[PDB]
Every structure is written in structure tokens, then in C-alpha cells.
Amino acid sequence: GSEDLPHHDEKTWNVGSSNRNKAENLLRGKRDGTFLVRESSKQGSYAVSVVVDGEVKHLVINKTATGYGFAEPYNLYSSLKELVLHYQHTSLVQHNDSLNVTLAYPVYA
């Protein structure tokens, strides 16, 4: 079951304050659904970088009083870990038709 997933070790996907260029280097050549979380160049915000159709996509993570997320009304998650675990089994497509992938493969899994 899902308890076995590498996502439960946050260090398999959270690469700290790595920038966009470093994320592109870490994800270059990786299979679709490989992802990481990192700080954004927008200070105080996080980003997901994920491979979709062989290309890296970068998504901002919002933080509201109800939690982290990608867009209202889904800013629900109390931590990055809860967000990642949710989107390991929920496609990002609900947010944008070009993001039909899950957060499937932590970069350091």
C-alpha cells in the first residue's frame, strides 16, 4: 500500500532553496512524473518542478490560512508533505489541462 511510497521521506523530494535552473538540471532526462519541491524565486513561496510530457513544468505553491495548495479552493494542506501525498494520487489536471500527471517519482527516490 501507499505507506510504502518514498514520498513519506520528505528528503526524497524537498530540495530546499534550490533554484529553477538547479531543478531543471536535477530533472533533465527523468521520466514523466518525476518531481521535486523547492523554494521559489518569489521569496517566501515554494514551487513544484515536475516532468510532464518530457518537459519540466514549474508550479507555484500558495500558502493561505487554510494551508498550502496550487489554487483555490484547494489551498488545504497543512504541510508540503500533505500536499505531495495528496497529489501523488490526485492528478494536477484539475488545475490545468496541460498538467495531467501525478507527483509520482520523488527526484531522490
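Heads up: residue numbers just count along the shown sequence, starting at 1.
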item	value
Of 49-57 and 62-70, the stretch whose C-alpha atoms average the higher B-factor in the entry	62-70
74-82 versus 24-32 - which carries the larger mean C-alpha B factor in the record	24-32
Entry-reported Cα temperature factor of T12, expressed as the chain third it lands in	lowest
Lowest, middle or highest third - CA B-factor, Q94	highest
